[PDB]
Amino acid sequence: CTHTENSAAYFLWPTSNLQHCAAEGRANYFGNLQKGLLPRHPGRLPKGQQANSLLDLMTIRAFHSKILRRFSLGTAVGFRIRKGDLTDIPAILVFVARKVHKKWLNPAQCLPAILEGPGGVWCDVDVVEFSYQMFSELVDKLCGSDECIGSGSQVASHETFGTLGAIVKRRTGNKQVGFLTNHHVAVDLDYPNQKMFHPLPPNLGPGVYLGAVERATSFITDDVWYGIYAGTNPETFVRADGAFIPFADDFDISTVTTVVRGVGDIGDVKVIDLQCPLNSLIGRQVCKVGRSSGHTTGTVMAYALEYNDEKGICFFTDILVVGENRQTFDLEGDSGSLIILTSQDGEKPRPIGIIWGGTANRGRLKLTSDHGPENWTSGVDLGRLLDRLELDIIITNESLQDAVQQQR
Amino acid sequence: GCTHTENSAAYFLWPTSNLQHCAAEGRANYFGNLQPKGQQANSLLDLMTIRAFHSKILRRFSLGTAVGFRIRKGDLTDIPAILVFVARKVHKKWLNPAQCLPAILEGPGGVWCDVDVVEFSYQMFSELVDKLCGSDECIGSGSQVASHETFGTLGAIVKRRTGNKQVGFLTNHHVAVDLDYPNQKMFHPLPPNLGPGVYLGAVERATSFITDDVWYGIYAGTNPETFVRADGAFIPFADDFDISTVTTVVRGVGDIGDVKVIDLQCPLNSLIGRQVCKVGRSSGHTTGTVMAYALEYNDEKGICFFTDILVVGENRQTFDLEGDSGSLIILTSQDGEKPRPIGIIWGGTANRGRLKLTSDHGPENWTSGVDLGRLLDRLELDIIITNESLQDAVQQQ
Amino acid sequence: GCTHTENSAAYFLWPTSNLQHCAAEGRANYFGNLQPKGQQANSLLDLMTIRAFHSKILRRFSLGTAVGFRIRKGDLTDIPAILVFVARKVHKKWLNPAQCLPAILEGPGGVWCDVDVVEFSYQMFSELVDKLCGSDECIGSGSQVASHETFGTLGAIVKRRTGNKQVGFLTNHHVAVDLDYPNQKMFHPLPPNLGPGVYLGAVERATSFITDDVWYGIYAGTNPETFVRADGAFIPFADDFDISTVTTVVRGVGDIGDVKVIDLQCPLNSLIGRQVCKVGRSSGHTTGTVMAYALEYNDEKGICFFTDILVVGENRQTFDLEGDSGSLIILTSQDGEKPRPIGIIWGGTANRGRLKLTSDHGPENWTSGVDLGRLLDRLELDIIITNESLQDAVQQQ
Amino acid sequence: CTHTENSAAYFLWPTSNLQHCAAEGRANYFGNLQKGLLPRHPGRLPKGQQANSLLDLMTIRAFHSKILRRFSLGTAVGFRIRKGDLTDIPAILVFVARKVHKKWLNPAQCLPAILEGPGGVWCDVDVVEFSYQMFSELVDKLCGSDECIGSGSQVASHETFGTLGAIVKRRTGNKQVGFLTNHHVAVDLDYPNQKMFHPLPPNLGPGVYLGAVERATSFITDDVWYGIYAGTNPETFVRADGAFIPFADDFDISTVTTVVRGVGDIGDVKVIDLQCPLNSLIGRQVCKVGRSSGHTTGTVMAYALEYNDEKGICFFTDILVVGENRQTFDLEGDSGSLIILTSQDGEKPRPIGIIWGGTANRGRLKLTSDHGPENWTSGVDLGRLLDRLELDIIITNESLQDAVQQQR
Ligand SMILES: Nc1ncnc2c1ncn2[C@@H]1O[C@H](COP(=O)(O)OP(=O)(O)OP(=O)(O)O)[C@@H](O)[C@H]1O
Ligand SMILES: Nc1ncnc2c1ncn2[C@@H]1O[C@H](COP(=O)(O)OP(=O)(O)OP(=O)(O)O)[C@@H](O)[C@H]1O
Ligand SMILES: Nc1ncnc2c1ncn2[C@@H]1O[C@H](COP(=O)(O)OP(=O)(O)OP(=O)(O)O)[C@@H](O)[C@H]1O
Ligand SMILES: Nc1ncnc2c1ncn2[C@@H]1O[C@H](COP(=O)(O)OP(=O)(O)OP(=O)(O)O)[C@@H](O)[C@H]1O
Ligand SMILES: [Mg+2]
Ligand SMILES: [Mg+2]
Ligand SMILES: [Mg+2]
Ligand SMILES: [Mg+2]
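Protein chains in written order, with the entry's author numbering: chain B, 41 to 172, 183 to 458; chain C, 40 to 74, 86 to 172, 183 to 457; chain C', 40 to 74, 86 to 172, 183 to 457; chain B', 41 to 172, 183 to 458. A prime marks a further copy of an entry chain.
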């Protein structure tokens, strides 16, 4: 062979947040916030100090998380939901096993309507009750009837199967062309390789060998992923689930399309800037094309969903989506699907995330009294995922052909 | 220390009165002594007396019996009848004479009735259901009440007639009781391990089975071990529970009148065929029809079991779902009178019973209800039906 | 009809006394008021008082506690001690100061004791076993007694002190009770659906949990919901049962003396370390050692549970098997006196508890026993220990 | 091909006992017995009228079966067991869920000590409490290590496996040479064929194709099998389980031995004459060589075991064996093993049965107070089984070679 490739199943597990200095760095940050707080009057809050960004909301939530998570199942940041509808009121969402009348809650349990954080920036606190295939020509094509491979296509390891998310290329090294899907779909620890096939692996049925997972990430610290401390727990991780599969050397890349079937041509990834106005993400209509539920549409309901489970480990998921018109946004098997902003002004729809859709990252949510609870879906921030995997999205077939010729 | 006395032990009483020789011989003597233009049955007592006397031939090739009105082509008649439930109703051509049920039975004293054959076997969302399950500012009939593992519906606001005369509520036995626990604490709408809620109190007393002669005042059959399913539980409100948050209204129904005793000697149509309703935590407000009374057991034990009230929901819809256990069964208003409660739903629904009425539809669910007048007597409870009477009951505890 | 009155309903009482504010405040007031050459504990009361006062720090990193004598290198000492049960006993090098248990605790009044750490967790064939299981011409302590699904051992011949003063027997609660059944009939040795046997009678009354202050006469701990596992059931003999076939002897032991009350103020070695025996339907005659008293709960409820007696069988053999539930725990004769019963086996054994004593052997089974004196008081029963006293009891029913 | 073979899975099920005349024939027999009974005194029974045969005992049992089976789990005929030992006292054995003292039984339940039947013949009634691998060089050889096939060898269909019982030849038709095993081991209804292999079928491991089941019987009426009515039920059947497998046309019969390994050369089948003295069967020591437990020894404890289960169907099993010295006589997998009388006077051991060892034909029995219950085994009467299948046993290798040359 020409160059040396890694020939070992090799695993690195996080230890940085377990260094006394790394925990002290987080403790010092919140100690600083606490030392300077000087909370405002028993009273009125100025409008210019109202939170106006994801980062504004996430810092208020982190600062007040002990009281917030004492009698709740989780929190996220977004807009207050009132009578089932999104308002334009910036808010921390507090998820509860069941919303009950104030009269059945002592004052310690009853959430406040307003929280003021460090620097005087304040926001609303909203209470949301919360818990943790299709037949069409499109679904047929995604699962094997189509002459091309692309976003939405079924991708299968020996064990599980999911949805190809995007056509991508490595920024460094061999600069190989491949695809992005989620890590759980693509990986099984009982095997030394992770081969992927479309539509099925040889033990289960017909299919072409697409290539094998080269690298994948599951957990990333919040301070590395978001650039801030998103909570006070020294062990805080984002489920940054993602796997990169370089196309096999004898796989015909001319069968790959960069089009998202059912959507059309998409634009470049839209990064989530934590400092821009909330309404460029929260409340935006999204769509996804998956091998299980085909094309669906939904609403981004919240960002940076937090969950505290068995040990003193805090877990974040980036994007919370609910399907429109009381239809589920996804099903099991849609994991890896691209989460795409629908066009507002005629611009190409742009991807913002990839469906996580896994172990505990699908559940139910209650919005109205006249109808049953609704499924919610979780997504990983795509701009951040591409950064950690060091990949670029390829959005045109002309750019795909250039990228193939430029592999080394 | 404390001022008054109350339960400090989980203490169980089990029935033994019917196992006495003299008790069984009294029952055998009654029937042994007893053994067509006959002044034909006009009351529940008349039908139950005929069925008890003929229970042996009736139970031989059947799944159980009840009393009511003959059902013909799926419609209730006004013909007084013993209903005989069978696993499958088949043409008379396929039955030997011993198996084919009669059309008429004559009982002691010449009182007679008809015999009818019925084929038989043993979540909703709304603003109302949301109020019952935690969104309302009050607790009352229909509210979700929860033990650590099981959930049901509060039936009535009640007061004990004796002892500490405590105010509390009535619900069903095993919505309220978990045998892994030494106490029986109940919450609205959820226990703390599952979600938020107010601690209501704990079960103080409950009853499950009662002998037929004590419950009905008559021998309901020839089996010396005959019992009635009487699964009711009484929960006194906790010392720190604010009873000013309690309503005596039945939301979705309104103010109710006093309990309507089921008198076995009154005309059959004052109970059979009557329209009823219920407000429950799972299905909200539903409407149904009383189809039968005093249904027997078919569970192979060797022991007769009775259930008081059989209800089928109107327009082929289910009258109750699981979680409606404990809801009040209420006679709907007919001539302007306040609706009056006659029973309480016995939970069921782990293995539902269904009955076949017409050939063009599948079988329909049926609901069991416990006779409320008799249940209140056995637990020595008075129902409280106005908020002013409730304030009085609180002061008198 | 009948002449005397008896139970006609399955009726359940559940404890609520400890849920009163005044009851819990009395307990909190007692301990709040309370808060090394100290006249060091000499009785069960002394140890239980120290353990209750320090229960919070003791229960923080432990699976439960009991009182007795320190165990050192697997052998019982005569050193009065609180035993602290842990999931695994580890070297002090691996414990922070908050976790490492003390060696000495001083309680109210300066009374002190030792603190000991024990690692812990929650068929035989013979001529005797054949006699107990149906081959003997008599029924007595040790005989197999069976419900429709569960089987156990008859504990004692007893008489009710009040009401009908009926003669019957004492056994454990859930050998005797099946919650699917309205009655609780028991047979020797098998119910009719399984094999031949004589109908003994049915359960009349039973108790499972009792508050600690009512059972022990003291607060056994700081938890306002503290209960004792008191699972005993009383079965009056059936009207047609021939009590002349009943013996008061304990086969394999002999004539027993009266129940030996466990007095909390007497010296510890009159109970702790005492040799005991038991005659049970599954393991026949076994011998064991009383290792501890008043063991606490560790079951995460939020509720303290107590068990009275902890027994480990001698020579590394099990003291009981499943089916021995209900056997009498009897102090063996030491100076010629008749053996005297002190407890009754609480069944267990679905998920046995074991404790580690030495490093060269696996963990050993331990047996739970219920304090017999207190159980008899709570069910208002007198034990009958001679056949002449039994004839008297029969005549006086 | 030369001659025509059956090319269909074809099933015949008994209907004869359902004819009104066949039920009347049985009813008339017991009606005759009842009409003439004239029972003896409240008292003494003559010795010359004491039952002295299997047939004597079986007729007393049939005549009195209503009272016998009212409070019992089954009956058999044999010798009274007293304090765990066989006596020489002819008796009906009555099997009970548990033996209890008389004092716990009303007089209706308590069995009598004596029963007198038609003709004045009488017998004892005995009460018995009752309910429903190994590593050695021999077991290795039986399961595949041996160079030969013979009695005791493992024989496997695709699903189950058992023990080859005897080398046999058909009395009629093609007169093919093959082997006898039990029907349940050899047969599965989901397949059209029943191929048998030693030691394993191809889906499970290595093995040679032995041939396929040609014919098998499961249930035979008592009056056909025993030559008498063994009970009053118009639906009475013997579990006459047996399957005949002719050796495949390309199977090398020179690999077959007629020796019973661990026993030696055996004699001809010993028929069970229902009129001969009881002690030529009851109480006799037996042995069996099976693929699961190898060579074991046991005692014939009883004959014509009766069982009444769900419908009004009475079932008989011929031979009841208990292992010696509290060792189990067989295990699952020994089904089909030959049940052989050990030598008394130096004569070759002779086979009397074949282990049924199946659905409900193994259970436990209590004999002593100082020890736990013991396993019992069931066998099918071999002389009768060979008659119904029309087969002869081959007991010498010289006779085997003659039989092969004489196949047509
Ligand atoms: N810890 C809690 N658990 C459950 N319910 C709670 C809790 N704290 C508050 N609530 C309920 O949530 C209510 C506030 O809900 P929320 O903040 O969503 O109001 P809103 O957005 O103005 O209106 P809407 O309820 O229609 O969304 C309180 O009035 C109370 O009934
Ligand atoms: N033991 C039995 N098991 C099953 N079916 C029986 C049995 N005995 C009678 N039947 C059937 O039930 C019929 C009687 O039905 P039933 O008494 O309900 O009549 P109906 O009320 O006049 O009419 P409908 O069938 O419309 O209700 C018999 O004619 C026979 O076909
Ligand atoms: N919370 C705890 N969990 C587990 N092990 C503990 C804990 N606290 C103390 N220990 C261990 O138990 C030891 C004390 O044991 P213990 O009191 O039984 O001593 P001993 O009776 O003198 O000797 P022996 O170990 O022979 O019984 C400590 O030295 C420590 O190793
Ligand atoms: N229906 C029955 N169910 C259970 N046990 C019974 C029944 N009828 C009788 N017995 C018991 O069986 C006893 C008779 O047993 P059996 O006929 O085996 O006696 P045996 O052979 O002389 O002695 P051994 O009991 O030592 O075998 C009776 O005394 C009685 O205790
Ligand atoms: Mg809201
Ligand atoms: Mg009808
Ligand atoms: Mg120690
Ligand atoms: Mg015997």
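Just so it is clear, CB atoms sit at the ideal spot from N, CA and C, and this is done for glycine as well.
- The closest heavy atom of ligand 2 lies 8 angstroms or more from the beta carbon of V161/B'.
- Put simply, the CB of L239/C' is far from chain B', with every gap to its CB atoms at 9 angstroms or more.
- Distances taken from the Cβ of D420/C to the heavy atoms of ligand 2 include none shorter than 8 angstroms.
- Closest option to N232/C', judged by alpha-carbon separation, among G407/C', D452/C', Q325/C': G407/C'.
- The set of residues with a C-beta under 7 angstroms from any non-hydrogen atom of ligand 5 comprises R120/B, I121/B, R122/B, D166/B, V167/B, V168/B, given in chain order.
- Residue-level contact by beta carbon holds for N243/C' and chain C, with a gap shorter than 9 angstroms.
- Annotation: the continuous beta strand (DSSP E) that includes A293/C extends over 286-296.
- In the structure shown, the three-state DSSP call for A280/C' is coil.
- By the Cβ rule, the region 130-148 of chain C does not count as touching the region 101-109 of chain B, because fewer than three pairs are nearer than 8 angstroms.
- The DSSP-derived three-state label of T213/C' is strand.
- Comparing alpha-carbon positions, the option among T210/B, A49/B, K219/B, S419/B lying closest to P242/B turns out to be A49/B.
- For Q183/C, the residues of chain B that pass the 8 angstroms Cβ criterion are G422, in the order they occur in the chain.
- The Cβ atoms of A280/C and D272/C sit closer than 9 angstroms to each other.
- Distances between the C-beta of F111/C and the heavy atoms of ligand 2 include at least one below 8 angstroms.
- Within chain C, the residues whose beta carbon sits less than 7 angstroms from that of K143/B are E197, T305, listed in sequence order.
- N46/C' reaches chain C at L52, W53, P54, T55, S56, counting residues in chain order whose Cβ is nearer than 8 angstroms.
- Shown here, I443/B' sits in a strand according to DSSP, grouped into three states.
- With a threshold of 16 other beta carbon atoms within 10 Å, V140/C' falls short and is exposed.
- Counted as a single uninterrupted DSSP element, the alpha helix (DSSP H) harbouring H60/C occupies residues 60-73.
- When 8 angstroms is used as the limit between beta carbons, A137/B' is near these residues of chain C': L250, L254, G255, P256, in chain order.
- Proximity of the beta carbon of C150/B to ligand 1 is indicated: a heavy atom of the ligand is located closer than 8 angstroms.
- By the 16-neighbour rule on beta-carbons within 10 angstroms, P82/B is exposed.
- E187/C' belongs to the set of residues whose beta carbon lies under 9 angstroms from a beta carbon in chain B'.
- Listed in chain order, the positions of the region 274-308 of chain C with a beta carbon within less than 8 angstroms of a beta carbon of chain C' are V274, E285, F287, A290, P296, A298, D299, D300.
- Non-local beta-carbon contacts of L73/B in its own chain, meaning distances under 6 angstroms to residues more than five positions away in sequence, involve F103, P158 in chain order.
- Using a Cβ-Cβ distance cut-off of 8 angstroms, the region 422-442 of chain C' and the region 261-275 of chain C' are in contact, since at least three pairs of beta carbons, one from each stretch, lie closer than that value.
- Excluding sequence positions up to five before and after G124/B', its CB lies within less than 6 angstroms of the CB of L417, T418, all in the same chain and listed in chain order.
- Taking 8 angstroms as the upper bound on Cβ-Cβ separation, chain C' lies near no residue of the region 376-392 of chain B'.
- The beta carbon of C326/C' does not come within 9 angstroms of any beta carbon belonging to chain B', so the residue lies off that interface.
- Between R412/B and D368/B, the gap from beta carbon to beta carbon reaches 9 angstroms or more.
- Taking every protein chain shown into account, the CB of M246/C' has 16 or more other CB atoms within 10 angstroms, so this residue is buried.
- Cβ proximity to chain B' below 7 angstroms picks out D196, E197 from the region 196-220 of chain C'.
- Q451/B carries a helical assignment under DSSP once its states are collapsed to helix, strand and coil.
- Residue side-chain check: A62/B' keeps its Cβ at 8 angstroms or more from all non-hydrogen atoms of ligand 2.
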